[PDB]
Amino acid sequence: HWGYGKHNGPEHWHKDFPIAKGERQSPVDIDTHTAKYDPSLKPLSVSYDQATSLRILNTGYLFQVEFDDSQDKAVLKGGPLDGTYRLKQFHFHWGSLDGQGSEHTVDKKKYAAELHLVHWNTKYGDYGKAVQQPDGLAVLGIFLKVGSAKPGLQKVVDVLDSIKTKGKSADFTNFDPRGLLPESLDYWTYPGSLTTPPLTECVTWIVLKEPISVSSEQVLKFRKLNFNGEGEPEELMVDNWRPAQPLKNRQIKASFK
Ligand SMILES: NS(=O)(=O)c1c(F)c(F)c(S(=O)(=O)CCO)c(NCc2ccccc2)c1F
Ligand SMILES: [Zn+2]
């Protein structure tokens, strides 16, 4: 199956998923000197006050926290978006070393990790339909740099030992994703794709300019997760990022400066 290694990593995905070589693939390098300030973009509206987390899961590629999206409890709107996108899950990508791990880059800079908050367009009724549409998902991406701890991340870090291996889940209720956001909602946006197979070009990306700070100890705990299942040889879950893909004809817009 696909993964992150020499024999099944990003460079191989195109054989199963030919859209890997498509015209709107993600992630990309954000060239902050060619991005265009768009005074017509709106402010983001990030409304997570009623978010209901359910569970945390090691998928064998990353870990994710899932939400109850069967009512409008937590939604993203405004900015570049038409309509209302409902929060379904968040997850992270991270590196083996503090100098890599993000999927997007900024003027070629790599961050230690990247948080993705995945939302689906409510015009399509559910996530599975949405993922099949050109404007089905909106993913809010937030960079992580190593420095001071992020207190709102610690509940996530402390449950990771209970989901060490592929396919393990744990209850994860009452988690507030507002504690993962930076102060500023300034962002870049562009049209792209899922960053893992099936690589569908269904995503409006909204990448915040301001990183969050997490401690060295917080990210080290991410790196103690395993790609393998229990009872299989241990393979540390690190470097689960796709490198930047060609921008092609796209424009990245900035909400600021
Ligand atoms: N990076 S990304 O935001 O484009 C992304 C992932 F990297 C990713 F691994 C996933 S995945 O874990 O589902 C793997 C298949 O693409 C999703 N989709 C996230 C998702 C998972 C469960 C429920 C709803 C959304 C996905 F959206
Ligand atoms: Zn992701």
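Residues numbered from 1 in each chain as written, not as in the entry; some residues may be left out. Chains lettered and ligands numbered in written order. Heavy atoms only, no water. Residues with missing side-chain atoms left out of burial classes, pairs and counts.

The deposited coordinates for this entry were obtained by X-ray crystallography, with a reported resolution of 1.2400 Å.

Under the PDB entry, the protein chain has the name Carbonic anhydrase 2 and belongs to Homo sapiens. Looking at the protein chain in UniProt, the text filed under Sequence similarities is "Belongs to the alpha-carbonic anhydrase family." (UniProt positions renumbered as here; feature names shortened; annotations may be inferred.)

Undergrad: Sorry if this is basic, but what is going on with the layout of surface pockets here?
TA: Summary: where empty space remains is shown by rolling a probe the size of a single water molecule over the atoms. Quantified by volume, the largest pocket comes out at close to 370 Å³. Lining the largest pocket we find 20 residues, and of these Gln89, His91, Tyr127, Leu194 and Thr196 sit closest to its centre. Of all the elements in the fold, those that place two or more residues in the lining of the largest pocket are β7 (84-94), β9 (113-121) and β10 (137-146). Sort the elements by how many residues they give to the lining of the largest pocket and β7 lands first, with four residues. Its residues placed into classes, the lining of the largest pocket shows eleven nonpolar, eight polar and one charged. (1 Å grid on protein atoms, 1.4 Å probe; cavity = no way out; pocket = protein on both sides within 12 Å on 5 of 7 lines; lining within 4 Å. Points joined across faces, edges and corners; volume = space filled by probe spheres on them. Helix = DSSP H or I, 4+ residues; strand = E, 2+ residues; numbered from the N terminus. Nonpolar A, V, L, I, M, F, W, Y, C, P; charged D, E, K, R; others polar.)

Undergrad: Would you explain the nonpolar core in this entry?
TA: One broad rule of soluble globular proteins: the nonpolar side chains tend to lie buried together. Grouped together as the largest cluster of nonpolar side chains are 52 residues, with contacts concentrated most on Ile56, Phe63, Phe90, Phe92, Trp94, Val156 and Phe222. Secondary structure elements with two or more residues in this core: β5 (63-67), β7, β9, β10, α2 (154-159), β13 (203-208), β14 (212-214) and α3 (216-222). Examining the composition of this core, we find that five residues originate from one element, β7, more than from any other. When near neighbours in sequence (up to four residues on either side) are disregarded, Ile56 contacts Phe63, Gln64, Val65, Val156, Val159, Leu160, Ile163, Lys168, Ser169, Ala170 and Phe172. (Core = buried A, V, L, I, M, F, W, Y, C linked by side-chain atoms within 4.5 Å. Buried < 20%, exposed > 50% of the residue type's maximum accessible area, 1.4 Å probe, protein only. Contact = heavy atoms within 4.5 Å.)

Undergrad: How should I be thinking about the coordination of the zinc ion (ligand 2) in this particular structure?
TA: Around a metal, the perfect tetrahedron of four donors has angles of 109.5 degrees, and the perfect octahedron of six donors has angles of 90 or 180 degrees. Looking at the metal site, the zinc ion (ligand 2) is ligated by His91 (NE2), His93 (NE2) and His116 (ND1), spaced 2.0 Å from it. Coordination geometry of the zinc ion (ligand 2): the four donor atoms subtend angles of 100 to 116 degrees at the metal centre, consistent with an arrangement described as tetrahedral. Read in sequence order, the donor residues coordinating the zinc ion (ligand 2) give the pattern H-x1-H-x22-H. Judged on exposure class, the residue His91 and its partner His93 are both buried. (Donors = N, O, S within 2.8 Å, 3.2 Å for Na, K, Ca; no water. Tetrahedral: all angles 85-135°; square planar, octahedral: opposite > 155°, others 65-115°.)

Undergrad: It is not clear to me how the side chain of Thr204 should be interpreted in this structure. Could you clarify?
TA: By secondary structure assignment, the location of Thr204 is in strand β13. Each residue touching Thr204, except ones within four places of it in the same chain, is listed here: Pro80, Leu81, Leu137, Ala138, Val139, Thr189 and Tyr190.

Undergrad: How do you make sense of the UniProt feature "binding site: substrate" in the protein chain when you look at a structure like this?
TA: Feature annotation in UniProt places "binding site: substrate" on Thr195 and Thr196, given in this structure's numbering. Cross-referencing the annotated residues with the largest pocket identifies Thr195 and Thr196 as lining it. Mapped onto the fold, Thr195 is located in the loop between β12 (187-192) and β13. Residues contacting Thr195, with those up to four places away along its chain left out, are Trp13, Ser26, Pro27, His93, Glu103, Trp205 and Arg242. Side chain to side chain, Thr195 and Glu103 meet in a polar contact 2.6 Å long. Of note, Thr196 is situated in the loop between β12 and β13. (Polar contact = N/O pair within 3.5 Å; in protein donor to acceptor, adjacent residues only side chain to side chain.)

Undergrad: Please clarify how the pairing of β5 should be interpreted in this entry.
TA: Consecutive side chains along a regular strand alternate between the two faces of the sheet. Burial runs high along β5: five of the five residues are buried. Residues of β5 alternate between two faces, with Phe63, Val65 and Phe67 on one and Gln64 and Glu66 on the opposite face, all of them buried. Relative to β5, strand β4 (residues 53-58) runs antiparallel, the two being bridged by five bridges. Bridge pairing in β5 links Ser53 to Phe67. If you look at the hairpin formed by β4 and β5, you'll find four residues sitting between the two strands, and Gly60 has a positive phi there, around 95 degrees. Here β5 runs beside β7; their pairing, made up of three bridges, is antiparallel. Across the sheet, residue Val65 finds its bridge partner in β7, namely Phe90. (Pairing = 2+ DSSP bridges.)

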